[PDB]
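Working notes, structure below.
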Amino acid sequence: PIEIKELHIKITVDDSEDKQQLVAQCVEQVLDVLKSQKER
Amino acid sequence: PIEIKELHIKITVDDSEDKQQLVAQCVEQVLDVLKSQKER
Amino acid sequence: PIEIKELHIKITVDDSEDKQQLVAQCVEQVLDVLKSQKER
Amino acid sequence: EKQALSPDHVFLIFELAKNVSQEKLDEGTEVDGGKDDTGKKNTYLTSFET
Amino acid sequence: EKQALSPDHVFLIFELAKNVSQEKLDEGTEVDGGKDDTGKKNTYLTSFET
Amino acid sequence: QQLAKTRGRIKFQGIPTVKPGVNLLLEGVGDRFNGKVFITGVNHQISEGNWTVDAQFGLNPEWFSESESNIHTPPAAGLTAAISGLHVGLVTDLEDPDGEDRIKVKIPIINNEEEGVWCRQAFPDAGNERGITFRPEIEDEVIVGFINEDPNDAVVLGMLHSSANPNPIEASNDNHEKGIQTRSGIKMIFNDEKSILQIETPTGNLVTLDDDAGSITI
Amino acid sequence: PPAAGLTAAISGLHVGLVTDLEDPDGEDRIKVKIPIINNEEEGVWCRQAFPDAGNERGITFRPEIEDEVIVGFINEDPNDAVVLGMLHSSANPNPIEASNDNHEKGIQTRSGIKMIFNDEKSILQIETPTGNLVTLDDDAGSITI
Amino acid sequence: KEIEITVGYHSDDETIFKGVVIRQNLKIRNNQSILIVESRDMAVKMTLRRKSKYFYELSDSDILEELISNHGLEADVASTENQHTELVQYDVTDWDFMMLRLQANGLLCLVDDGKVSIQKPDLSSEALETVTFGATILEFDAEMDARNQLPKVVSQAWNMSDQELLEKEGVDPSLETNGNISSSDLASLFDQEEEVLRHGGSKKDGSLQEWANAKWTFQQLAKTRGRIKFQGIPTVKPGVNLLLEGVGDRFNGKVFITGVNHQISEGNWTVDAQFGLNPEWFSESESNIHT
Amino acid sequence: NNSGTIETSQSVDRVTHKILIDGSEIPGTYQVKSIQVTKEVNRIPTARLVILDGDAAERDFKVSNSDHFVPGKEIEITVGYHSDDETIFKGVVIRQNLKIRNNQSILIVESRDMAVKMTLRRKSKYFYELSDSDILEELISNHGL
């Protein structure tokens with residue numbers, strides 16, 4: 001994103017940060033789809 | 001979420017429920033980003 | 001989706017397309033939650 | 001070869017509105033002339049400043 | 001070297017509105033003057049208080 | 001607002017009795033949240049061997065009229081761009097080609113060069129062959145409203161004065177003088193201070209009723 | 001966006017009170033309070049609409065101080081207010097009693113000067129407060145001064 | 001309660017944030033239990049109640065100071081030339097009213113540690129540091145879009161004294177920005193017609209001129225936009241300049257910072273710096289301003 | 001067609017394409033990772049190209065610095081099997097975006113059709129004795145379409 005408005009706070013789980021990178025990609029592609037729908 | 005308005009129906013695949021928990025985390029973080037943008 | 005308005009362009013990484021199918025499922029379930037909230 | 005087109009000439013009688021005394025109409029003012037068979041409109045341009 | 005520019009001078013006549021009797025016009029008040037082959041706008045300033 | 005003080009979700013093994021409008025007792029989550037909670041929503045999920053229920057408590061402080069969309073129909077029925085508020089226009093033509101007693105008016109914030117559109121005029125009194133009729137002169141300034149905010153359902157509501165078109169009766173907080181004055185100079189004036197009614201034409205023909213004289217003059 | 005996006009907009013029509021008839025900048029404006037905004041301060045300058053107006057002509061009546069009026073707004077901007085008319089209420093009664101027959105119409109001023117039209121009897125009567133009158137009466141077939 | 005947050009390396013700490021605690025949230029999952037605490041600055045006091053008021057012979061900057069001091073806040077506000085004779089606030093909060101009035105004059109609002117500062121953009125100051133693609137950048141995003149540039153802007157209103165329209169043309173500030181393509185090359189690409197700002201009432205010349213100028217300035221500052229992520233320091237704040245290098249001639253140069261995000265976790269402190277402005281106005285993009 | 005398949009002119013073993021800018025092919029050193037084209041009723045058509053670029057060891061982006069993907073240039077996209085290409089999209093370049101991640105560096109180029117000219121400026125006009133289709137033709141021809 002080109003905006004700091006769309007970043008989320010990072011919380012990891014001590015289960016023993018691969019899953020942190022996958023969730024961050026899904027938030028990026030959703031908000032690009034929502035922005036393209038308001039184009040003429 | 002603190003609202004039952006944002007839950008999705010659970011459908012699994014007999015491919016042989018790990019992937020169910022990852023998709024549910026991505027819906028949770030997107031809707032928190034959308035709510036924070038309407039703050040002043 | 002029943003609309004071509006909500007598809008995203010596919011970019012893969014040569015890190016050596018499993019991760020492409022997981023991100024595409026997360027965009028599908030978010031946009032169904034957003035549509036159901038405008039129901040009466 | 002074949003011969004080309006020649007444009008036609010008209011005279012117009014104008015009338016002013018109630019609250020004005022003198023006015024100037026410039027050259028090249030477009031005048032509206034109807035539509036042809038094709039449906040596009042005819043245009044006439046005034047010749048001198050009046 | 002080359003010589004620099006000198007500004008020009010004008011006189012303007014004023015008229016007061018119907019419901020006032022006497023007023024003061026400030027020194028240095030900006031007056032609208034026109035445009036240049038660039039399209040920018042000219043300005044004239046008042047010399048004395050009147 | 002008080003019912004929105006504490007809000008949340010509780011997930012547990014399903015039973016058929018929790019429905020919106022019931023109370024549950026919540027324990028073991030700290031003094032800040034423990035106690036009796038009012039249920040405002042329920043979600044039943046049955047799959048892969050089990051039945052669970054998500055119970056929602058507390059209300060959302062927002063009102064229906066604030067949060068829901070599409071309650072009302074789009075401006076000017078959705079058929080054209082709408083025009084809001086009141087606007088100022090100029091009169092260009094008083095003779096209506098289709099007999100509806102309309103007048104043609106330009107609106108300068110749209111276009112101040114062309115002819116304008118046909119508008120209906122409001123009068124203080126009107127009916128079948130009766131009423132009080134005055135019409136604006138060509139180039140008079142008027143105030144215009146719009147039916148259903150449609151730019152082509154314009155109505156003239158009244159005429160305006162300005163320094164370019166002065167009011168014939170000088171303003172005063174005493175408000176002693178009122179009346180009618182036409183284009184040609186015919187007057188009818190009411191003077192409250194002196195209780196005088198005077199009717200007069202431009203070349204001296206007049207009738208006066210004067211209580212400060214105790215007389216009638218023709 | 002409403003009021004060109006430059007200010008909060010005000011929708012619909014509103015009711016105000018007249019506080020000052022003398023316009024310091026000569027535009028023939030009147031100062032009006034709007035009680036739903038503030039009912040204690042002086043108010044703002046508004047333009048007045050008339051049934052007939054033009055260059056040195058028209059029908060002119062102005063509201064008295066503390067009269068109640070109906071106000072519209074150009075482009076929904078709170079500082080482009082226009083007075084559209086005056087209102088009656090039980091606190092400010094209408095001098096002509098209402099009836100579905102609608103026989104009586106006319107003008108009555110502050111000092112008591114009247115001009116009344118009676119349709120039922122076809123009578124026009126002009127009269128001042130201390131007895132000076134002119135009457136045209138078709139139910140008598142006469143003219144009295 | 002009042003909260004203050006300090007951070008640094010090897011106990012060399014510095015203050016990052018001051019404010020007040022507003023919310024407390026709990027979350028429980030199968031193998032997780034946490035507490036989340038939220039806070040905001042004191043400026044939040046200006047967003048809670050709708051008001052109604054008449055203002056008299058004040059400039060916009062006298063009004064802005066009044067709105068702020070009413071809540072006990074410190075202020076530093078740039079002056080303006082125009083003076084209103086009356087102005088009306090109606091059924092809106094102080095924060096929203098302040099934002100509408102401030103944009104109309106080309107000003108930006110900076111809130112920091114209890115102080116509200118209202119100033120024009122400053123593109124002239126020295127860069128704080130240099131951030132380089134091949135040496136210090138962790139992440140980078142940037143965009144250029146030709147549709148945001150204008151060839152000229154003019155404003156209109158009704159002149160009741162003369163019975164005609166009042167027109168004012170803006171002035172091109174020629175802002176100095178990064179990259180190597182002029183705003184004037186982009187502006188002419190699709191449509192050379194002027195932008196027109198219309199109001200249907202009666203306006204003063206001073207107001208119309210500032211409106212046209214604010215519109216034009218804000219679009220030039222939207223010419224190039226983006227995000228730069230790097231190792232954290234305590235000095236990058238909205239309203240500063242950084243030097244950007246190694247990302248191509250189209251984007252290299254001095255950039256104006258419009259936003260900052262500090263993230264501290266799992267052994268490190270990083271900062272996301274935002275540059276460029278969003279061309280949209282408050283009155284266009286924000287919801288629920290009116291009843 | 002009951003054949004059970006989709007009719008193409010060649011085998012679907014090899015997909016080919018061409019990108020033309022201002023009349024000619026972009027040099028065969030540029031690697032195009034992905035192409036997307038969309039069209040829909042009542043919307044303006046668009047396309048996207050993803051090009052690999054950027055080198056940390058040089059400190060630059062060579063494709064971005066070129067004059068091929070500059071806003072304002074005309075672009076044409078053709079595609080087919082075994083060089084049997086056909087035109088899919090025509091339009092103009094509008095945007096250029098760069099993206100850098102820990103092990104990734106790309107250039108994204110966006111374009112639209114010419115109809116985009118009709119979405120840039122607010123206007124005001126009176127129309128006279130015209131049908132709706134005369135008005136629609138006028139609005140379009142004003143932009144050279």
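Below, each value reflects all heavy atoms present in this structure, side chains not excepted, and no hydrogens, waters or symmetry copies. Proteins come first, then strands; the chains are lettered A, B, ... in the order of their sequence lines, and each starts at number 1.
H/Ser61 places a side-chain N or O within 3.5 Å of a backbone atom of H/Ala78 that can act as its donor or acceptor partner. Counting only distance, with no hydrogens or angles, the side chain of E/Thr38 and the backbone of E/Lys40 share no donor-acceptor pair below 3.5 Å. Here the side chain of H/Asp62 pairs a donor or acceptor atom with the backbone of H/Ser59 at under 3.5 angstrom. Not a single donor-acceptor pair under 3.5 Å links the side chain of H/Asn159 to the backbone N or O of H/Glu164. Of the possible donor and acceptor atoms, none in the side chain of H/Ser207 sits under 3.5 Å from a partner among the backbone N and O of H/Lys203. Judged by distance alone, with hydrogens and angles left aside, the side-chain atoms of H/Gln219 form no donor-acceptor pair with the main-chain N or O of H/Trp216 at under 3.5 Å. No donor-acceptor distance shorter than 3.5 angstrom exists from the side chain of H/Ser39 to the backbone of H/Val21, with no hydrogens or angles considered. In this structure, the side chain of E/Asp36 does not engage the main chain of E/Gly39 through any donor-acceptor pair within 3.5 Å. Without hydrogens or angle criteria, H/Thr47 side chain to H/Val44 main chain gives a donor-acceptor distance under 3.5 Å. Put simply, the side chain of H/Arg227 never gets that close to the backbone of A/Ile2: no donor and acceptor are under 3.5 Å apart.
A parallel orientation is assigned to the rings of H/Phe55 and H/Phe97, their planes being inclined by less than 30° (bins at 30° and 60°).
You'll find the side chain of H/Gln274 reaches within 4.5 Å of the side chain of A/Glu3, heavy atoms only. At a threshold of 4.5 Å between non-hydrogen side-chain atoms, the residues G/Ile65 and G/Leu21 count as touching. A 4.5 Å side-chain heavy-atom check between H/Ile228 and H/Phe230 finds at least one atom pair inside the cut-off. Side-chain atoms of H/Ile118 and H/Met98, non-hydrogen and from C-beta on, do get closer than 4.5 Å to each other. Residues F/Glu149 and F/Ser84 meet the side-chain proximity criterion, which asks for heavy atoms closer than 4.5 Å. Looking only at side-chain heavy atoms (C-beta outward), H/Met46 and H/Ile68 come within less than 4.5 Å of each other.
G/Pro1 and H/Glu284 get closest at one heavy-atom pair: CG-CG, 3.7 Å. Nearest heavy-atom pair, H/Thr258 versus H/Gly276, reported as atom, atom and distance to 0.1 Å: OG1-O, 2.8 Å. Contact record, H/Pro121 with H/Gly106: CD-O, 3.9 Å, taken as the closest heavy-atom pair. Here the closest heavy-atom approach between residue H/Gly200 and residue G/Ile74 is recorded as O-CG2, 3.7 Å. Considering all non-hydrogen atoms of both residues, A/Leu7 and H/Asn261 come closest at CD1-ND2, 3.3 Å.
Residue-environment remark: CD (E/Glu49) exceeds the threshold of 12 foreign heavy atoms within 6.0 Å. Shown here is E/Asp32, whose CG atom has no more than 12 heavy atoms of other residues, nucleotides or ligands within 6.0 Å. Few gaps surround CD on H/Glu194; more than 12 heavy atoms of other groups in view lie less than 6.0 Å from it. Around the OH atom of H/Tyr56, the shell of radius 6.0 Å holds more than 12 heavy atoms that belong to other residues, nucleotides or ligands. By the neighbour-count criterion of 12 heavy atoms within 6.0 Å, atom CD of H/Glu126 is sparsely surrounded, having that number or fewer from other residues, nucleotides or ligands. Summarising the local packing, CD1 of G/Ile70 is surrounded by more than 12 heavy atoms from other residues, nucleotides or ligands at distances under 6.0 Å. Heavy atoms from other residues, nucleotides or ligands lying under 6.0 Å from NZ of H/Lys237 number 12 at most. Atom CD of H/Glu193 sits in a sparse spot, with 12 or fewer heavy atoms from other residues, nucleotides or ligands closer than 6.0 Å.
Between the side chains of G/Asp77 and G/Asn75, not a single donor N or O lies within less than 3.5 Å of an accepting N or O.
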Test log, rule side chain to side chain donor-acceptor pair (under 3.5 Å), inputs H/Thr177 and H/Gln220: CA-CA 9 Å; H/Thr177 68; H/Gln220 289 184 358; over 6 Å; no

Working for side chain to side chain donor-acceptor pair (under 3.5 Å), residues H/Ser125 and H/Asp122: CA-CA 7 Å; H/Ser125 68; H/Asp122 184 347; 4.5 Å; no

Test log, rule salt bridge (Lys or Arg N to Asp or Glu O under 4.0 Å), inputs H/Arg50 and H/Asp91: CA-CA 5 Å; H/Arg50 292 183 183 273; H/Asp91 205 30; 5.1 Å; no

Audit row: H/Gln149, H/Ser184, side chain to side chain donor-acceptor pair (under 3.5 Å) steps and yes/no: CA-CA 8 Å; H/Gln149 302 302 308; H/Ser184 66; over 6 Å; no

Criterion side chain to side chain donor-acceptor pair (under 3.5 Å) on H/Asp145 and H/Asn148, from CA distance to verdict: CA-CA 6 Å; H/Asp145 186 339; H/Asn148 290 326; 5.0 Å; no

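In this structure, H/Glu74 does not pair ionically with H/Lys115, as no charged nitrogen and carboxylate oxygen lie closer than 4.0 Å. Salt bridge status for H/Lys53 with H/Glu66: present, with a side-chain N to carboxylate O gap under 4.0 Å. Ion pair H/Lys152/H/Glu169 flagged as a salt bridge, since at least one NZ, NE, NH1 or NH2 atom sits closer than 4.0 Å to an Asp/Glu carboxylate oxygen. Between G/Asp20 and G/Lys31 no salt bridge is recorded (no basic side-chain N to carboxylate O distance below 4.0 Å). A salt bridge is defined here as a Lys NZ or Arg NE, NH1 or NH2 lying under 4.0 Å from an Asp or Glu carboxylate O, and G/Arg29 with G/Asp23 meets this definition. Ion pairing of B/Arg40 with H/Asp96 is present here, as a side-chain N (NZ or NE/NH1/NH2) and a carboxylate O approach within less than 4.0 Å. Looking at H/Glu210 and H/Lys168, no side-chain N of the basic residue comes within less than 4.0 Å of a carboxylate O on the acidic one, giving no salt bridge.
Take H/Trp281 and apply the ring pair (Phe, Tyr, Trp, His ring centres under 6.0 Å) test, not counting sequence neighbours, and it matches H/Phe218. In this structure, the ring pair (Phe, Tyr, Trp, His ring centres under 6.0 Å) partners of F/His161, at least two apart in sequence or on a different chain, are G/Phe50.
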